[PDB]
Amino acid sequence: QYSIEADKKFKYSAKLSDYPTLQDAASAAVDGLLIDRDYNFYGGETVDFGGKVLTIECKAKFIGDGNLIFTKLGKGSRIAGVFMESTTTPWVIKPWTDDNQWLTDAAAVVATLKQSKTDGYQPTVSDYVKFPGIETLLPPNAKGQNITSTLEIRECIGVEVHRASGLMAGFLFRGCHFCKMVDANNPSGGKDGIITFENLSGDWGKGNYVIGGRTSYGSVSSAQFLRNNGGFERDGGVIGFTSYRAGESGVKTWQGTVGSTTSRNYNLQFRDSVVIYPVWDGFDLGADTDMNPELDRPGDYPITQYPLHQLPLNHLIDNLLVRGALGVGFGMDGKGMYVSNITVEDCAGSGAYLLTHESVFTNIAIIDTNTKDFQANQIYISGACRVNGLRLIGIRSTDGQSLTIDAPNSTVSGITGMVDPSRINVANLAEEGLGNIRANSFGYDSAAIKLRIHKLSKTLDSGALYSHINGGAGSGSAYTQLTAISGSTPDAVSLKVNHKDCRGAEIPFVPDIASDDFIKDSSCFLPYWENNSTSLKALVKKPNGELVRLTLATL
């Protein structure tokens, strides 16, 4: 019988073109399921896949506003090529120019309004803060919109969504474990987060990843996590991902209470990823609320155990790039954190906002940030942290008085760049382990090794060692100078060696009668001027510590 042989030798796949509803096709499926016609779904339409391990291959669109809900997929199920699209074409704003300059003026942003499923985003309430005054100026038809076409995977284990795309599209994993969003094929976002792992009910989320791929646009954050804990195994997070033009942030771990419980996250990886042109932040990896925080943490550690911003979040954070944020490039909180290899460039707000304590930051580069003076500084650290390697300043100038680094409880080593030293505030700055040193000077007739005591003055060097050309180039002659500040005049007092190639030391003397207390150490002398005789005298502290006054030079 051919049918016996056929049933044994051919691959099983059901296809949607043979069925009137998606549930009918799902029920028929045994191995493969092919989406080979566009399918209009109603919001909340729910498909039961019977616990089957299905390979779902999409070659057409799921069309609808609201959520298409997939349930009871077997472990190992895979959904490839899915394409979500809204039925509604909403009003979107586009707060950047044709030369990719951010628009900050509310009226200019309102002028960008158009009806489109892409190239912009639907305003939300956070836009009222981001573009002050815009709430009053937006037409009512552009406020409070709620358009997203969302694929919801509900309460499944071991399901992977690969190469997803769409228009006004979102992807929600609700109450899932060991699920992955892999190689997202640049979906264009809607009102809700583009990729969400939300585990507010049931067990803490674990094994949930965004791996590879990219997203564009969306009103809020591109990739986000609520109530996930990767365990000590660090089994979850974001690796190899790119976010472009998030309406809020590129990658976000939620903070505070959502509903009746914690939305926070522990033990996730954030590695090898890039966020470009977010309207708010590149990476927002905080767990506690900054402004107007909850007095408790239902479902999480109490404030009595860990103070605000001091949770043992224990994320693995490495090799991240942010460029072009209108908000903050990289933000986090927590205690006992290690963070490495972070690069932030060209952000309008702070490059880094770090509400961290007893944490270590290694090889950080913050290059041309706070370019619009939105924050007090380019990098802020609240608690007692360590920074080992910090690159500051690209090519931008700073006209006002804002600090570059304000990390008042932190100890820092290894700053590089053309930082204005008056714009550094740290607890301690040191290079303990340098070798033999050479200061090489270009474009000047001198070289300098300067000292600045910030307690005395943040703006004036307190002393210096200089080398200065005698005559011109090629003269083979220079003079060395040791200086000290007096009367807030840098270099006011100095000793010289070889000025005008004289081969001698020029020694400063006290310009009047020296007081007893002017001399510091025993077996030393201090020259001073006696004008009434045209003589140099010496105040001498003898080897035995007693003072005597001698005549040093006479007419």
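Residues carry their position along the shown sequence, with the first being 1.
When the mean C-alpha temperature factors of 407-415 and 300-308 are read from the deposited coordinates, 300-308 comes out higher. Mean C-alpha B-factor is higher over 511-519 than over the other stretch, the pair under comparison being 495-503 and 511-519. The PDB entry assigns its highest CA temperature factor, among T89, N341, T104, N228, to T104. The top Cα temperature factor in the record, among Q122, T150, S382, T289, falls on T289.
In the deposited entry, the Cα temperature factor of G76 sits in the middle third of values across the chain's modelled residues.
Remark: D98 belongs to the highest third of its chain, ranked by C-alpha B-factor as recorded. In the deposited entry, the Cα temperature factor of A478 places it in the middle third of its chain's modelled residues. Ranked against the other modelled residues of its chain, the C-alpha B-factor of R214 as given in the entry falls in the lowest third. Among all modelled residues in its chain, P293 ranks in the highest third by Cα B-factor.
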